[PDB]
């Protein structure tokens, strides 16, 4: 029930939202002819369709009409009560569920966004019904469960108490199982995700229930050291070899959280994105197996480079002819039509195409 995967060219997935409306026909064709795997973000097409659920459903139909093999993934945050969903008004009707801290204040991110009590079974029941409405009744093929590291953050202990924290971690396991129970075996569960930092690293997890994990921070944020980059690549290799989907999120030399980089004119962003592609692309191809996908851009809104294309993505790749080879911080991989080399320490990389 995985997306149809191919080595003909670099395997590419999409993950973004266009808030101002559906993809144009030209945008939908551009996307649908270039990938079999897309998650549509919170807010997608809300300006014209009112709710994310409505926008995503109409978009899922458009894309699959163009590419019937496309797997369209419903973005549904596991932890946060985002306002641009019809579901938000239903959650507002259940104040008995609302998470509170040890002092009684409502637990809200940046003081505005409520965080879910995953230990509450009624909530979990409602939350999984939202997902199953999108993927069973609707036209999506799976769900993207965001925010696992936010749930597991030790900082939440100061807010909840240790006992409620353990209850909420248990509730994360519960809500994944119940998600699977409700959407069936033919549907995809994607979650965020694999993460490598100096103090804490999460590998592919909950494997009895989940199908795909994103490596959202590859090469950036707290995951920019050679040690954490190597761990992300090795975990992709290990997880994919064991039959899972892995989506590696590359960043085009900067991210949407870098205020100075985001202030730069579009021409400068494109120069940076072109110069910055080779290294994360070589890292991805060094460790990539079947069912591994690359994403490369600087954010999750359509305009954050998400519809950019690069000639590297059209070049013949072909099946891997040998396993990844590692010597110290240096990695290399042979494909039928390309050779890859990358040094995690110096950030030096080389891709030799046929």
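Residue numbers count along the first chain shown, from 1.
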Higher of the two mean Cα B-factors (155-163, 272-280; per PDB record) comes from 155-163
Between 104-112 and 203-211, which has the higher average C-alpha B-factor in the PDB entry? 104-112
From 223, 119, 192, 77, the top C-alpha temperature factor is at 119
Checking the entry, which one of 263, 88, 217, 71 has the top C-alpha B factor? 263
Within this chain's modelled residues, let me know which third the CA B factor of residue 65 belongs to: lowest, middle or highest. highest
Test of reading the entry: by CA B factor among the chain's modelled residues, which third contains residue 289? lowest
Modelled-residue ranking by C-alpha temperature factor, third containing residue 344: highest
Mind checking which third residue 19 falls in for C-alpha B-factor across the chain? middle
Lowest, middle or highest third - CA B-factor, residue 124: middle
